[PDB]
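Q: Pasting an experimental structure with its sequence.
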Amino acid sequence: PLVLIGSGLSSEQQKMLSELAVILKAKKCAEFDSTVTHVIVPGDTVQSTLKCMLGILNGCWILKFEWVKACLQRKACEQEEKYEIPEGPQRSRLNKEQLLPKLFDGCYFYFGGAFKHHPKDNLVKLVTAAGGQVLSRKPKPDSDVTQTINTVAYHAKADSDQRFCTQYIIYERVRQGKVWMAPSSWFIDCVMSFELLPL
Amino acid sequence: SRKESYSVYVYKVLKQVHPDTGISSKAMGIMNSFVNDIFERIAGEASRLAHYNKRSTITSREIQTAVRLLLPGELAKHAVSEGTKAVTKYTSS
Amino acid sequence: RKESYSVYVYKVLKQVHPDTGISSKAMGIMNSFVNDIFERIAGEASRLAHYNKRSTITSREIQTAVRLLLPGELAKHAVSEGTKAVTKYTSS
Amino acid sequence: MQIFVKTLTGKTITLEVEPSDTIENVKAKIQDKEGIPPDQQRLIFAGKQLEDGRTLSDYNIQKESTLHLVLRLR
Amino acid sequence: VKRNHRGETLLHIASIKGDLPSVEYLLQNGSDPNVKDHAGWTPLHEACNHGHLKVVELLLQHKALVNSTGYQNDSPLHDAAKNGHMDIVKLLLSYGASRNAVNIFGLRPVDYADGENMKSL
Amino acid sequence: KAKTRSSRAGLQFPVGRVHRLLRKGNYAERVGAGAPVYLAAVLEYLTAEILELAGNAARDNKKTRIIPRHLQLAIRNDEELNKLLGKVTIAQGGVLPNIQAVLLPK
Amino acid sequence: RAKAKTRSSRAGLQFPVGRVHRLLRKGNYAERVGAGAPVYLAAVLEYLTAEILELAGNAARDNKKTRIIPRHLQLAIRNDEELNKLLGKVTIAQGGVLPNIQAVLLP
Amino acid sequence: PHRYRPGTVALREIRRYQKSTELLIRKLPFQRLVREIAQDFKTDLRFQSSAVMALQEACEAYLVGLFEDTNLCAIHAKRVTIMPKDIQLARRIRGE
Amino acid sequence: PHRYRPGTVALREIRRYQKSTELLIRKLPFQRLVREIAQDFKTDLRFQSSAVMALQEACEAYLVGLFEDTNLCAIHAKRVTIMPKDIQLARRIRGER
Amino acid sequence: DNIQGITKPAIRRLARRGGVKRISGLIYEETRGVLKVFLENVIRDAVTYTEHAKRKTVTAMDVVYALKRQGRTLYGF
Amino acid sequence: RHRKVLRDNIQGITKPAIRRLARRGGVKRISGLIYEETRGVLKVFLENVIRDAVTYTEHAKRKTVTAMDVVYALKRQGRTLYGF
DNA sequence: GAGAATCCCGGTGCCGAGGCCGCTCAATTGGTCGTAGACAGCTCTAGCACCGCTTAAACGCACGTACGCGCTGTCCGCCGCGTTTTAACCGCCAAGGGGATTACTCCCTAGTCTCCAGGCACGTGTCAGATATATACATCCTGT
DNA sequence: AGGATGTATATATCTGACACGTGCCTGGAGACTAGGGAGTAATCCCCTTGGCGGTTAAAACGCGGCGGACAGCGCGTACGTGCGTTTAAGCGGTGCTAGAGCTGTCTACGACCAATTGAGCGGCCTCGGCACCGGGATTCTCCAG
């Protein structure tokens, strides 16, 4: 039930992918649907487009154009697991293929300020696809609604301070109680390596 | 004596949350009507909630339900909490 | 033991249209109608009696309430009917 | 583990305890710095009264939290 | 793969009530043993929750995952303790059931048992 | 004897029940004596109007009863009752018929 | 008789509790009012007032002024997402409008 | 091989459905939808038989009332069809 | 001489008036309009000052909202001007007959 | 005739605060009509409230109540 | 002592049902993308009503949503209902 | 001028409206008592009608440049009809959770004296903000 | 790419609105008693969830062809911009009666308690008005001339 999607191919390359899929006789997709279970990225390094980040977060293959060339040459079905972009968008597939939780399973986020380099709806969609939840008011570290939360956060390190404190303020003293403060760089890096890197 | 207002009580909250600001005269009128609106709404809802179930008093649970009905989103889950705190400091004295 | 205005509607219908009847799924609508109008009028009259530092809900309150709620043409007929009823009652 | 306690007059007192103690010990530590006798104090945390005889970790208290203190005289 | 209105497949209904020959036929005929329902449970989960040993044995003998999670991140060992059983705990532990995984509330399986031998491990 | 209060006022709707409902519904401290003899008449007039207009349309369709469709047809054609009941939905009713003037064939 | 300690002080509040009691009893809302309702009402009202006056002062310090005029309350109210649906049918006096020009009118 | 031309069956269906009073939303799916959302908010609920019918009536009246104004907005721009832009203008002007 | 082309001073006006708070309609003609309208329901009416001020404020708010809705409707139909049809459509969707 | 006190530049300024850029030539009369209807409704309700209490002076609270009866609360006074 | 749930059920409100509703509205020609928008609007409305209904129910210490609760909810929002 | 679809006209069967009976619980009559609302009467804040002037804003005319509105082509998106596959609707039987009433005992709230501190009207004064000034510099056009 | 108009900075100065202070009168607090509304146990029986099955009405999939949506280009009049002229808004004075608030008596109207009796509610029960089904009549549309 293979599907297809593109993340930076060329127009001639786009027509080539269309013809290759037609030879494979599979459904294509322009807008990012849920069942998009194959993504083709042009270069040889995981880019920072919205589509590739959604792809690594939902969990599927990230293959390169060499596979496209090989499919065009051999004209056969496919040969996977030889051109997957390694070192970081691979632990995601291994995590989804063993019935484990998602990345931010048990975290809470709050966005505040003016965002210029990146929009807001994109980040909100990334958060709600990861597995966490979004808040609507600022988490002051002296109110009852913040102190009465008992939710350990999986995927953290073995024994650290990111296991009992699971609330974040994100903008564009570093730990006062159970609330952090972090810049957007840490977020967008955390997504493209599949690990909650500390501080 | 004459007409009473809520102006001696807004200044204190202001001085507690922001220690270097004052407030004008018309803004005080705005803040003085904003309280009466909310008061009347909450009381009017509690009355009918007491009238449906054939009860005859107004207790704390009626106010809790009145608040949860007419405050949207995440403003309920905060306000309720605050309220509870007060009552617990009251019965313990 | 519940209550309902399900006997008086019959009398008014029997005196305006002689040979007709009402189905059971059409009496509930009249019930709800009467209750809603009652609540509106009484509530406005209460508020109007409270905005003046007074404690009795007399007939002038109901007059002003009717004149505010109901639209243009219906108001004159309604006020005339009420006034006739009240003066006949107090005459005897 | 540091712990904040707050009093109705608008003050903050700091304490240092371990996560296996009992409310009586906390009241004793409070009396060691405040002056009020240990027979008139009542503590509040997250909208519920605390009894004397249980451990702190049973009520899910961790580092850097806040308790409220109320007297019983008037 | 016509699922039910709750998410349960045929293996689920087979497991929730021990019918071993039917499960044998269903497995030999071809049916994936790792398919979650709308809540997140798996066949092994219900098998170990209600208390039929032979079905857990049969499921394990056909490459089913042993530390999968579900609702509120509860492992099979969590239910095997919270209800109370003897054999399945021994079998699972012999197979490699993690004894240090944690659930969303921050508790370990040892914290959900009553028996002396139960608390012994 | 005993002359009831609703029969010495010429009405048909009740007058005592309204008194009790005004006195024990928390609307004011005291309710006067000429308070219900007005509410009763107003309610009676409004009900008579609606029922007459409904029975008419009921007759204009060769039937001898009143089902909710007839009340719905009698409310949305009055131009003065449509304002008082504008945010109301009658159960098991319908909608008035009108097609726009552009979508018709040439 | 002992020294008097008011009811607004035992709860740690700043709004009154006597006034709310008196207005709830002589306004005809019910036939008898409990002894724990005024404290709840006072707490809720105080929280709302604090939430609005905290957001006003930020926009006050933005334009480099040290007071609060109605334009600032209008900005603070209309720029939040939950405090807008609660006050979605009120109009402030001497206020204004948010800046917004449609994107198909620019050069 | 007789065959009508595009535009006539629609007018007939309009005339037919505007002169009949009956629900047209296939009850059992609607019941399951209401139970799903209710399961979201609380746990282990159970519904009477009248609640579902009341909800059905209200949620049909709402959609009919929306589609009328959608059609008006569509006619306003020299067209005959409705697209997913008219719904948004309607909901915006209304206040939701 | 030196002119700006059409479509530039309008943007300047938009930016200016969306930043102040003063009242737009003049003050004496509104008073006279209110008195002449109200002089058909009674005979010897007298007005305070806060009354005319409140009426003016509410009127301005109403008209500004109406014009915003009209502008949205106009842009919806591939134009830039506004015309009477837009006012009629806005007021008929709102529910004011 | 006093509806002409609402002149042409006043309507232009209100339009500008709205967000429009080009106005047509037959837009003014409709504006005057809408304004007349709105004012009529509000003033009638206010005069009823005033005549009730046996007075002869329309005050501010009367207009506030009249506006409240239709969903135009108007904090400020 | 497990717990089961329901999901992905907005697909029972199929295509011809939306078409019949549109016919009763007054339209004649329908596009091919109105369906998702219609489903979204319906879900939002139903959520906003059922929340208040369940709150009323849970106040009186009951466990079954009755017919009067939906009426009180709809009157809270702004649309009344006659018949029950 | 033919096809499909809608309106009348009997014709049989079937359950829900329109009467009817005892009896129980709220509406009617006949009294007294303590307090709101009508009605004179005197003091003084605020609204209506005038006058002169200085200057900001409403009226009236001319020129030329985008924008509204009516045509004429090209083709992808949606309606109508016939065959096949899925799950709503109806009638039926069985087991157990929770909505409606009924009693009995106790704790929580209205109703009254008394006295002491929190909040309102009235004074007097110093500083943040509104105005006039020179100018520093950030878009908008037309020529080449 | 200079030339010419706006908008932003920076610094003088100056008047009227905000923040603090002090007698003192009305409403909140402590201490006590008498009666009825609501919290808590038991127990009868109505109505909601969970299964099973046969039958037939709607939903899902596909195809050939026509009417409508979206992008082009070509005219002609209605609205935007800068000027010099004529109307009346706004500011600041002063004189003045009409009507909003307050106060002090004194009487007609409604809450409250007791005793006696007809109207309106629950349940039975039987006949007519409506729902469902087959048959000729007549209206309305499309290809063909």
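A: Arrived safely, thanks for sending. Numbering: from 1, shown residues only, chains lettered A, B, ... in the order given.

Q: Double-check that residue A:157 belongs to a strand.
A: No - read with DSSP: H, G, I helix; E, B strand; the rest coil, residue A:157 is coil and lies in no strand.

Q: send the alpha carbons of stretch E:72-83 over as CSV?
A: Provided in CSV are the C-alpha atoms of stretch E:72-83 (Å, rounded to 0.1, in the frame of the first residue of the first chain):
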residue,chain,number,x,y,z
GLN,E,72,-1.5,5.1,30.8
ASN,E,73,1.7,3.2,29.9
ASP,E,74,1.0,-0.1,31.8
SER,E,75,3.0,-3.1,30.9
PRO,E,76,1.7,-6.7,31.1
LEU,E,77,3.5,-7.2,34.4
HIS,E,78,1.5,-4.3,35.8
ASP,E,79,-1.8,-6.0,35.3
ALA,E,80,-0.4,-9.4,36.3
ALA,E,81,0.4,-7.8,39.6
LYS,E,82,-2.6,-5.5,40.1
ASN,E,83,-5.0,-8.4,39.8
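
Q: Now do that stretch: everything it contacts.
A: A:101, A:105, A:154, E:44-45, E:48-49, E:51, E:66-69, E:88-89, E:92-93, E:97-99, E:101-105, E:109-110, E:112-113, E:118, K:1 (CB atoms under 8 Å, 6 or more residues apart in numbering or on different chains). Using the backbone N, CA and C atoms, a C-beta is placed for each residue, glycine as well.

Q: What subset of those residues is buried?
A: A:101, A:105, A:154, E:44-45, E:48-49, E:68-69, E:88-89, E:92, E:97, E:101-104, E:109, E:112-113, E:118 (16 or more other CB atoms under 10 Å in any protein chain shown).

Q: Next, count neighbours for the residue of chain A found nearest DNA strand M.
A: When distances are taken as CB to the nearest atom of the strand, chain A reaches nearest to DNA strand M at residue A:27, 12.4 Å away. Using other CB atoms under 10 Å in any protein chain shown, residue A:27 is surrounded by 11 other residues.

Q: Please identify which helix or strand holds it.
A: Using DSSP states H and E, residue A:27 sits in no helix or strand.

Q: List the contacts of it.
A: A:3, A:4.

Q: What parts of chain F come near chain I?
A: residue F:86 (CB under 8 Å from any CB of the partner chain).

Q: Up against DNA strand L, what does chain F have?
A: F:2, F:3, F:4, F:5, F:6, F:15, F:16, F:17, F:19, F:20, F:30, F:65 (CB under 7 Å from any atom of the strand).

Q: likewise chain H?
A: Contacts of chain H with DNA strand L, taken as CB under 7 Å from any atom of the strand, map to H:2-4, H:6-10, H:12, H:16, H:26-29, H:44, H:46, H:81.

Q: Which ones among those lie within helices?
A: H:8, H:9, H:10, H:12, H:16, H:27, H:28, H:29 (DSSP state H).

Q: Weed out the non-buried ones from the residues you listed.
A: For these, buried by 16+ other CB under 10 Å: H:10, H:29.

Q: now, among the ones in helices among the residues of chain H next to DNA strand L, which is nearest to residue H:51?
A: residue H:27 (12.7 Å; CB to CB).

Q: So that closest one is in contact with residue H:56, correct?
A: Yes - using CB atoms under 8 Å, residue H:27 is in contact with residue H:56, at 7.3 Å.

Q: Looking at chain H, which helix is longest?
A: Taking DSSP H as the criterion, chain H has its longest helix at helix H:50-75.

Q: what does chain A put close to DNA strand M?
A: So chain A never meets DNA strand M (CB under 7 Å from any atom of the strand).

Q: what about the residue positioned nearest the centre of chain A, which helix or strand?
A: Ranked by distance to the mean C-alpha position of chain A (CA atoms, centre = their mean), the top residue is residue A:57 at 3.0 Å. Using DSSP H and E, residue A:57 sits in helix A:50-58.

Q: which secondary structure elements does the next helix-or-strand element following that helix contact?
A: Using DSSP H and E, the next helix or strand after helix A:50-58 towards the C-terminus is strand A:62-63. Applying 3 or more CB pairs under 8 Å, 6 or more residues apart in numbering or on different chains; DSSP states H and E, one finds that strand A:62-63 makes contact with strand A:39-40, helix A:50-58.

Q: what's in contact with strand A:62-63?
A: Residues outside strand A:62-63 that contact it (CB under 8 Å, 6+ apart): A:38-41, A:46, A:52, A:55-56, A:80, A:83-85, A:89.

Q: Which parts of chain A are helices?
A: Using DSSP H, helices in chain A cover A:11-24, A:50-58, A:65-74, A:91-96, A:121-130, A:144-147, A:184-191.

Q: before we move on, back to that, and the furthest pair within the ones in helices among the residues of chain H next to DNA strand L?
A: It's H:8 and H:28 that sit farthest apart of these, by CB to CB, at 33.8 Å.

Q: For chain A, what is the nearest residue in chain F?
A: residue F:87 (30.3 Å; CB to the nearest CB).

Q: check contacts around the residue in chain D positioned nearest to chain H.
A: The nearest approach of chain D to chain H comes at residue D:47, 21.3 Å away (CB to the nearest CB). For residue D:47, the contact set (CB under 8 Å, 6+ apart) comprises A:144, B:81, B:84, B:85, B:88.

Q: And those residues, which is closest to DNA strand L?
A: Distances from DNA strand L to the contacts of residue D:47, taken as CB to the nearest atom of the strand, are shortest for residue B:88 (15.2 Å).

Q: Contact residues of chain F facing chain K?
A: F:68, F:87, F:88, F:89, F:90, F:91, F:92, F:95, F:98, F:99, F:100, F:103.

Q: Quick one: those residues as TSV, columns for secondary structure too.
A: As requested, the residues of chain F next to chain K are exported to TSV (three-state DSSP):
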residue	secondary structure
F:68	helix
F:87	coil
F:88	strand
F:89	strand
F:90	strand
F:91	coil
F:92	coil
F:95	coil
F:98	coil
F:99	coil
F:100	coil
F:103	coil
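
Q: Of those, which pair is most distant in space?
A: Going by CB to CB, the pair spanning the residues of chain F next to chain K furthest: F:91 and F:103, at 30.0 Å.

Q: So between the two, which is more surrounded?
A: Neighbour tally, residue F:91 and residue F:103, criterion other CB under 10 Å: the higher count belongs to residue F:91, 21 against 17.

Q: Can you name the residues that contact the more buried one?
A: Residue F:91 makes contact with C:29, F:68, H:54, H:57, K:81, K:82, K:83, K:84 under the criterion CB under 8 Å, 6+ apart.
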